[PDB]
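This report concerns only the one structure given below.
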Amino acid sequence: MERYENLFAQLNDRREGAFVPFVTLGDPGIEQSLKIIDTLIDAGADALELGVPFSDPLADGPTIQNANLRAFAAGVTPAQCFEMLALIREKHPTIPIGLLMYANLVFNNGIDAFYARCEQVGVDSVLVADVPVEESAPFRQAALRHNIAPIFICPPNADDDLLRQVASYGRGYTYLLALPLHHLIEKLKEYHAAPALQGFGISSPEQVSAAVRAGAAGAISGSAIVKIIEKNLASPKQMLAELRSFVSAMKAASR
Amino acid sequence: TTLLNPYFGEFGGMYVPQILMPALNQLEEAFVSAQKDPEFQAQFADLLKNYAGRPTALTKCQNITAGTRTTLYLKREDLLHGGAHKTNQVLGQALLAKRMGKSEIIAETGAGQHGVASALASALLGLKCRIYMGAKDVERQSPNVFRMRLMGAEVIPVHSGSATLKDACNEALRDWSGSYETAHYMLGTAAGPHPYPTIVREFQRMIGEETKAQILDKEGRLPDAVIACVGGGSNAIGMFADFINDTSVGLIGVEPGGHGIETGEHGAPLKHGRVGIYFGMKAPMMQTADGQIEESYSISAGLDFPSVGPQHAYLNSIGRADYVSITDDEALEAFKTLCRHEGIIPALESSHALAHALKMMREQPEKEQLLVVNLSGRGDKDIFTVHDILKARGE
Ligand code: NA
């Protein structure tokens, strides 16, 4: 989790926000996915949020569901996902890497064993999509024991008690998914919660600036990136081009 | 923080995205209040009796046990309005939805029986019903889809993932995350996140309560065993509930064996699966070596759930209930036997429980035993499936 601390420290000295893109590992193919990731990085991403394909993502929209299908057809497995992570980390040493997991993948071979494996390949944080704070204990405990930041989502329908818990158990950053936005950010800073990143439909440059201006440490592009991949499945060369272009713009807006 | 315990031993829980928690908490609170409201109890009982047809008969088999020392009774859920035990609980959840001031119902279905059940309760109680269904199940169940539309339900086909159940069930939960303030999600079995396993059990417990009073009145004693099929576990837990503290009564759950446990093509996660986290709960399930959720298999579409209600996993673990499996062929034979000797066409799901009872009877014919099988439904729906098979065999 130290990588996240050092990232935000730096971003503050430059009065800049973080731009974090999300992608499903192995989509649309192992080697292509690796070039995409290298592109996102070279294009200016401050960090990465990487999904591991699951059979039943009960918490993802259709854009992600298809990306997950594409990765399975390519014969992608969790084991293969870990070899990729090692390669990405071997090439980019300081960039924070976060995983979006589903409970069963983490539980399968033992919770402690999963986080130990993450510590090995160089992962910095893990967000388990279907584990609310109420059931988080064994997950956040294993995460902390292996120096992994447990990330939690702060939903729109959040109450004060939820805010307190999130601020207390989370590390790395807070995943911001009614209540006035800036009010929500104020309260989190008050309880000393990890830096908040806006991850709700961030798909345009103005939205990133608006997120930063509201007190958020940055923004996460949940599916906007996955959309360019699907659009250009037939043209790998151009796919990278629109990715570079997009990301570059999104990041310029974080200044 | 919850009012009731979301776990049965180590099984259960509420493994859902944070956004859904408020919905589960609101539901649990309304259920507790409702359980204590005599006016709710009175209303529910009125519908079950005057609309649904309860109490259902407890039929003594006349011919099927000849030449053995077994006395077999069948709890007739096949005679309930709708043709299956599902009706009891959809009515209950429908009332609870109204008590919460909700005006819309969301549900998903595979075999299509839960879809039909949710639609009839909604039509009756003036609730707006929308049902998510996987296209591959749609084409395969045109008859049930039509029933749903006759009853005013909107059938939303899902063009996603495996265009199957699991995608519909995920679209059903997604819909609920944004519309829970006005809509209730009517889960169709005793599984999923708390408080569903508890609620579904309680809205099905009359099955066992009636059977006990009926067997005591007819035989003056409790049965030696009560047997029921297990797909998700609602009809079984409905039968078992009232007998749990009666330790001399054996509780036997029957999972589909499909083509045979050894073939890998079956639906018995409780005895042959592995504990995992999915469907919002921690329970035994059918999954690969690396944790992907597999598909279960059975001739009966209604037992095709790749997991099982958490309370059943617990009862098994502590040894209060025993679970076995029965293959397609064994179920097919029990289906034929009941039609021929008793004049009752049972659902293929129910036939799995009957097959195991026939097995207990035929293996030890001089053993004196008093058995009760929960006939969870009628098999008119299965007529064509059974016909095609027997012809593919020249029968
Ligand atoms: Na099952």
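Heavy atoms only: backbone and side chains are in, while hydrogens, waters and symmetry mates are out. Protein chains get the first letters and strands the later ones, always in sequence-line order, with residue 1 at the start of each.
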* Look up atom CD in A:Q165 and atom OG in A:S136, then write down how far apart they are to the nearest 0.5 Å. => 7.5 Å
* **Polar side chain donor-acceptor pair, B:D304 to B:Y297, under 3.5 angstrom** => no
* To do: Kindly compute the distance separating CD (B:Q93) from CZ (B:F31), expressed to the nearest 0.5 Å.
  => 10.0 Å
* Structure fact -> For B:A168 and B:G134, the nearest pair of non-hydrogen atoms, with its separation, is CB-N, 3.8 Å
* Say you draw a straight line from CG of B:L3 to OG of B:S33; how long is it, rounded to the nearest 0.5 Å? -> 10.5 Å
* To do: Mind listing the closest non-hydrogen atom pair of B:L354 and B:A334 along with its distance?
  => CD2-O, 3.7 Å
* Asked: CE/B:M286 to NE2/B:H266 distance, rounded to the nearest 0.5 angstrom?
  -> 4.5 Å
* To do: For side chain to side chain contact (heavy atoms under 4.5 Å, CB included), just list the numbers for B:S177 and B:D175, CA-CA rounded to whole Å, side-chain angles, deciding distance to a tenth of an Å, and then say yes or no.
  => CA-CA 6 Å; B:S177 68; B:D175 179 333; over 6 Å; no
* Asked: Charged N to carboxylate O under 4.0 angstrom, B:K166 versus B:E171?
  -> no
* To do: Report the distance from atom CZ of B:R274 to atom CD of B:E294, rounding to the nearest 0.5 Å.
  => 10.0 Å
* Asked: Given B:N88 and B:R54, is the side chain to side chain donor-acceptor pair (under 3.5 Å) satisfied, shown in steps?
  -> CA-CA 9 Å; B:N88 300 311; B:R54 304 207 71 78; 2.9 Å; yes
* Do the two ring centres, one from B:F203 and one from B:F44, sit under 6.0 Å apart? -> yes
* Asked: Under the 3.5 angstrom rule, does the side chain of B:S103 hit a backbone N or O of B:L127 as a donor-acceptor pair?
  -> no
* Structure fact -> When every non-hydrogen atom of B:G302 is compared with those of B:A111, the smallest separation belongs to N-CB, 3.9 Å
* Asked: Is the shortest heavy-atom distance from the side chain of B:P195 to the side chain of B:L27 under 4.5 Å?
  -> yes
* Is the shortest heavy-atom distance from the side chain of B:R221 to the side chain of B:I215 under 4.5 Å? -> no
* Asked: Would you say B:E29 has more than 12 foreign heavy atoms packed within less than 6.0 Å of its CD?
  -> no
* Asked: Hey, is CD on B:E295 packed in by over 12 heavy atoms from elsewhere, all under 6.0 Å?
  -> no
* Dump the intermediate steps for side chain to side chain donor-acceptor pair (under 3.5 Å) on B:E349 and B:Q113, then the final yes or no. => CA-CA 12 Å; B:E349 289 86 351; B:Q113 188 63 51; over 6 Å; no
* To do: Tell me, with the steps shown, if B:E330 and B:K359 meet salt bridge (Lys or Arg N to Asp or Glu O under 4.0 Å).
  => CA-CA 9 Å; B:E330 298 176 296; B:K359 180 181 297 190; 2.9 Å; yes
* Apply the test side chain to side chain contact (heavy atoms under 4.5 Å, CB included) to residues B:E108 and B:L173: give CA-CA distance (whole Å), side-chain angles for both, the deciding distance (0.1 Å), then the verdict. => CA-CA 9 Å; B:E108 90 294 309; B:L173 284 172; over 6 Å; no
* Asked: If you measure from the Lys or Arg side-chain nitrogens to the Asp or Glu carboxylate oxygens, is any gap between B:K271 and B:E255 under 4.0 Å?
  -> no
* For the residue pair B:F384 and B:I389, establish whether any side-chain heavy-atom pair is separated by less than 4.5 Å. => no
* When B:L338 is tested against each of B:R340, B:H341, B:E342 for side chain to side chain contact (heavy atoms under 4.5 Å, CB included), which residue passes? -> B:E342
* For residues 2-22 of chain B, which residue pairs qualify under ring-ring contact (aromatic ring centres under 6.0 Å, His included), counting only residues two or more places apart or in two chains? -> none
* To do: Might you confirm whether atom CD of B:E395 has over 12 heavy atoms from other residues, nucleotides or ligands at distances under 6.0 Å?
  => yes
* Test side chain to side chain contact (heavy atoms under 4.5 Å, CB included) applied to B:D382 and B:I345, B:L348, B:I299, the passing residue -> B:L348
* Asked: Hey, is B:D329 close enough to B:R393 for a salt bridge, meaning N to O under 4.0 Å?
  -> yes
* Identify which one of B:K49, B:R76, B:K75 satisfies the salt bridge (charged side-chain N to carboxylate O under 4.0 Å, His left out) criterion when paired with B:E210. => B:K75
* Asked: Cation-pi between B:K212 and B:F243: NZ/CZ under 6.0 Å from ring centre and within 45° of the ring axis?
  -> yes
* Structure fact -> Nearest heavy-atom contact between B:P306 and B:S296 is N-OG, 3.5 Å
* Asked: Under 6.0 Å from the NZ atom of B:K128, do we count more than 12 heavy atoms belonging to anything else shown?
  -> no
* Are any non-hydrogen side-chain atoms of B:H85 and B:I207 less than 4.5 angstrom apart? -> yes
* Check whether any side-chain N or O of A:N108 sits under 3.5 Å from a backbone N or O of A:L105 as a donor-acceptor pair, and report yes or no. => no
* Structure fact -> Residues B:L125 and B:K98: closest non-hydrogen pair is O-NZ, 3.2 Å
* Determine yes or no for a side-chain-to-main-chain donor-acceptor pair under 3.5 angstrom, with B:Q141 supplying the side chain and B:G112 the backbone. => no
* Checking side chain to side chain donor-acceptor pair (under 3.5 Å) for the pair B:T70/B:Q369: CA distance, chi angles, key distance, verdict? -> CA-CA 5 Å; B:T70 289; B:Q369 55 196 340; 3.0 Å; yes
* Check: B:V230 and B:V308 side chains under 4.5 Å, non-hydrogen atoms -> yes
* Asked: Could you walk me through whether B:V200 and B:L187 pass the side chain to side chain contact (heavy atoms under 4.5 Å, CB included) check?
  -> CA-CA 8 Å; B:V200 179; B:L187 217 159; 5.6 Å; no
* Roughly how far, to the nearest 0.5 Å, is the CD1 atom of B:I252 from the CD1 atom of B:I227? -> 5.0 Å
* Flag for B:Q26-B:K102: side-chain donor and acceptor within less than 3.5 Å -> yes
* Structure fact -> For B:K218 and B:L58 the tightest heavy-atom approach is CE-O, 3.7 Å
* Ignoring hydrogens and angles, tell me if any N or O in the side chain of B:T189 forms a donor-acceptor pair with the backbone of B:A191 under 3.5 Å. => no
* Residue B:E262 excluded, over 12 heavy atoms near CD under 6.0 Å -> yes
* Start with the C-alpha distance between B:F279 and B:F305, add both sets of side-chain angles, then the distance that settles ring-ring contact (aromatic ring centres under 6.0 Å, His included), and finish with yes or no. => CA-CA 11 Å; B:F279 296 124; B:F305 184 60; 4.9 Å; yes
* Asked: Going through the distances and angles, do A:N104 and B:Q287 end up as a side chain to side chain donor-acceptor pair (under 3.5 Å)?
  -> CA-CA 10 Å; A:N104 201 58; B:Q287 50 176 321; 2.9 Å; yes
* Asked: Is there a side chain to side chain contact (heavy atoms under 4.5 Å, CB included) between B:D242 and B:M206 once you walk through the steps?
  -> CA-CA 8 Å; B:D242 204 64; B:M206 62 289 305; over 6 Å; no
* To do: Could you tell me how the ring of B:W176 sits relative to the ring of B:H184: parallel (under 30°), tilted (30 to 60°) or perpendicular (over 60°)?
  => perpendicular
* Asked: Just checking, is any N or O donor in the side chain of B:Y73 or B:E219 under 3.5 Å from an acceptor N or O on the other one?
  -> yes
* Asked: Is it true that atom CG of B:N245 has more than 12 heavy atoms of other residues, nucleotides or ligands lying nearer than 6.0 Å?
  -> no
